[PDB]
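Data first, discussion second: the structure below is written as structure tokens.
Every number in this text was worked out from the coordinates using simple rules, so none of it is lab data. Ideal geometry is used to build each Cβ from the backbone, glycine not excepted, and the neighbour counts take in all protein chains shown.
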Amino acid sequence: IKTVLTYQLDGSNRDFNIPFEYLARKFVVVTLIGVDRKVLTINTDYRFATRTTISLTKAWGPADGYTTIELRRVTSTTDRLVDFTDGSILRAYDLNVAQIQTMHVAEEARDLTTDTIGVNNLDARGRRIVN
Amino acid sequence: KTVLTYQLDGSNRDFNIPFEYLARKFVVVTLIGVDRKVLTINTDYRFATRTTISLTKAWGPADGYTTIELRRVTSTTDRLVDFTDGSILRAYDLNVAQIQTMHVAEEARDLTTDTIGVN
Amino acid sequence: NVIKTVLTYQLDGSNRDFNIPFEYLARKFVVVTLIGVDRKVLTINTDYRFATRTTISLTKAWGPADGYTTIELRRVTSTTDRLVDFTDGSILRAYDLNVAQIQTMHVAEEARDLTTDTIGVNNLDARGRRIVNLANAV
């Protein structure tokens, strides 16, 4: 509740906030869904202004073709953050962030469910494909 | 089977539940297709034998409520266990820690399979 | 976006040998299947060696004529049978806490991956399934 959003963007607005908690600087991925998908890059174009608002250096509008930013919290399965070596004491904090991050993936699965088809009582995709 | 549907005759209340839960407020239980009525625990429903919802008393099916769809919703924010500096671990705990985060996963796949399905 | 643990290689005539990039925890957690008229599942110790750590030497040389168009494989981690279970000590090992955290990292990932895998946004909606019945043309 809720990882994936889309805002609304028009030009000269560049400061958009994150509702979730991110747990690592790279886990936010920021894509102007636009007409077409475009992934944005951690320093070139958006900087985290206050750890909870994403500033934008370039203030994109609909007029160069793009609405809107979709920011999900993609959490990698391979880049695990907590590794237990031979001791190397277990702080409780180590065991905490290990069970914290794996819940973060599991909840990201529950906001994947809204962004495929949906039943309206089915979607405005231009294509469905390979049959 | 993290979510199941239960329609039944009226003034009966002794539903059995499997999935199996961790906290009693994870079971959310609903009233159906005319409305989306979500009833609360202590105004309405206890659990009696820790596997039955024993409901409240009647409702069914007559008030447009045909009928109950109880389900798991585990909260992903309120972790049941916070590990602290020792404050020693119990082996029950080290399991239940990883047990809960596997249950969001079993929850998450199954409501996606209810739209267009796999099989 | 993007599927990390289900993958569909082009079977492409006689090619015996494909790679598996994701971090499968045990041998039996990878199920390989055959696509193209059927959904053929093929058992390990006879029909295909694990070539190496990361490679499936499939024996032999299926498709596409004589039936199957794409070898695909996915992870299936058992979400019930946990792999190391902690009892009273029984000292905590680095291997024990990791594999326990490794496994539940997969089950949440295998969930999130499976949810795109059914019908979901291609990087438009996708997959080579039959989309069995919708029952009316309007």
- Cβ density ranking, 10 Å radius, fewest first, applied to C:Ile44, C:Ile35, C:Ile71 yields C:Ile44, C:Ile35, C:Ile71
- Would you kindly derive the ³J(HN,Hα) couplings of the range B:93-100 from the backbone phi angles with the Karplus curve 6.51 cos²θ - 1.76 cosθ + 1.60 (θ = phi - 60°), listing them in order in whole Hz, with x for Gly and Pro? 6, 4, 5, 4, 4, 7, 5, 5
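Treat the range C:1-45 as a sphere of radius equal to its Kirkwood radius over Cα pairs and apply Stokes-Einstein at 20 °C in a medium of 1.002 mPa s; give the translational diffusion coefficient in µm²/s, rounded to a whole number. Before the final figure, lay out each step's value.
On the way: Rh = 12.4 Å.
Rounded to a whole number, D works out at 173 µm²/s.
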- Gain on full stretching of the segment that runs from A:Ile100 to A:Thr50 - 0.36 nm per residue minus C-alpha separation: 15.7 nm
- Name the long-range amide H neighbours of C:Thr33: under 5 Å, sequence gap of 5 or more, or other chain; modelled H, no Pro or chain starts. C:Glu72, C:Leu73, C:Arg74
- Item | Centre separation in Å (Cα based) which lies between the range C:59-138 and the range B:79-114 | 20
- Shape parameters for the range A:86-131, alpha-carbon atoms, Rg then Dmax in Å: 19.5, 57
- Just going by the charge dipole of the range A:5-108, with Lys and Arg at +1 and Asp and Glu at -1 on Cβ, which of A:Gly61, A:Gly87, A:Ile100 is farthest out on the positive end? A:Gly61
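Would you please report the Å³ per residue occupied by the convex hull of the alpha carbon atoms in the protein assembly as shown? Intermediate values should be presented prior to the final figure.
Details: hull volume 85.1 nm³, N = 388.
In the protein assembly as shown, the Cα convex hull volume per residue is 219 Å³.
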- Message: What translational diffusion coefficient, to the nearest whole µm²/s, does the range C:27-95 have by Stokes-Einstein, given a Kirkwood radius computed over alpha-carbon pairs, a temperature of 20 °C and 1.002 mPa s viscosity?
- Response: 147
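Would you please give the FRET efficiency between B:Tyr6 and C:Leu134, computed as 1/(1 + (r/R0)^6) with r the Cβ-Cβ distance and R0 = 30 Å, to the nearest 0.05? Provide the component values of the computation, followed by the final result.
Details: r = 28 Å, r/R0 = 0.94.
Efficiency at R0 = 30 Å is approximately 0.60.
Determine the calculated [θ] at 222 nm for chain A from helices alone, applying -39500 (n - 2.57) to every DSSP H run no shorter than 4 residues and normalising by the residue count; nearest 500 deg cm²/dmol.
Working: 1 runs with 17 residues, N = 131.
Using -39500 (n - 2.57) per qualifying helix, the result is -4500 deg cm²/dmol.
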- Item | Whole-Hz ³J(HN,Hα) from phi, Karplus 6.51 cos²θ - 1.76 cosθ + 1.60, for the range C:22-37, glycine and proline x | 5, 9, 4, 7, 10, 4, 6, 7, 8, 9, 9, 9, 10, 10, x, 10
- Output field shielding_mean for B:87-98 (other chain Cβ, 10 Å radius) holds 5
- Message: With θ taken as phi - 60° and the coefficients 6.51, -1.76 and 1.60, list the Karplus ³J(HN,Hα) couplings across the range C:69-84 in order, rounded to whole Hz; mark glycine and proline as x.
- Response: 9, 9, 5, 10, 9, 9, 7, 10, 8, 5, 8, 8, 6, 6, 10, 9
- Query: How are the C-alpha pair distances of chain A spread across 5 Å bins, as whole percents from the shortest bin up?
  - Reply: 2, 9, 16, 18, 16, 14, 11, 7, 4, 2, 1, 0
- Item | FRET efficiency, 1/(1 + (r/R0)^6) with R0 41 Å, evaluated for A:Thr114 and A:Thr85 via beta carbons | 0.55
- Distance from the Cα centre of the range C:1-54 to that of the range B:4-21, in angstrom? 42
- Task: Quick one: dipole size for chain C, taken about the Cα centre, charges +1 on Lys/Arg Cβ and -1 on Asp/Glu Cβ, in debye to the nearest 20.
- Result: 260
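Relative to the Cα centre, what is the charge dipole magnitude of the protein assembly as shown, using +1 at the beta carbon of each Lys and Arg, -1 at the beta carbon of each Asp and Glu, and rounding to the nearest 20 debye? List each step's numbers first, then the result.
Numbers: 48 positive and 47 negative charges, 68 e Å.
Value, rounded to 20: 320 debye.
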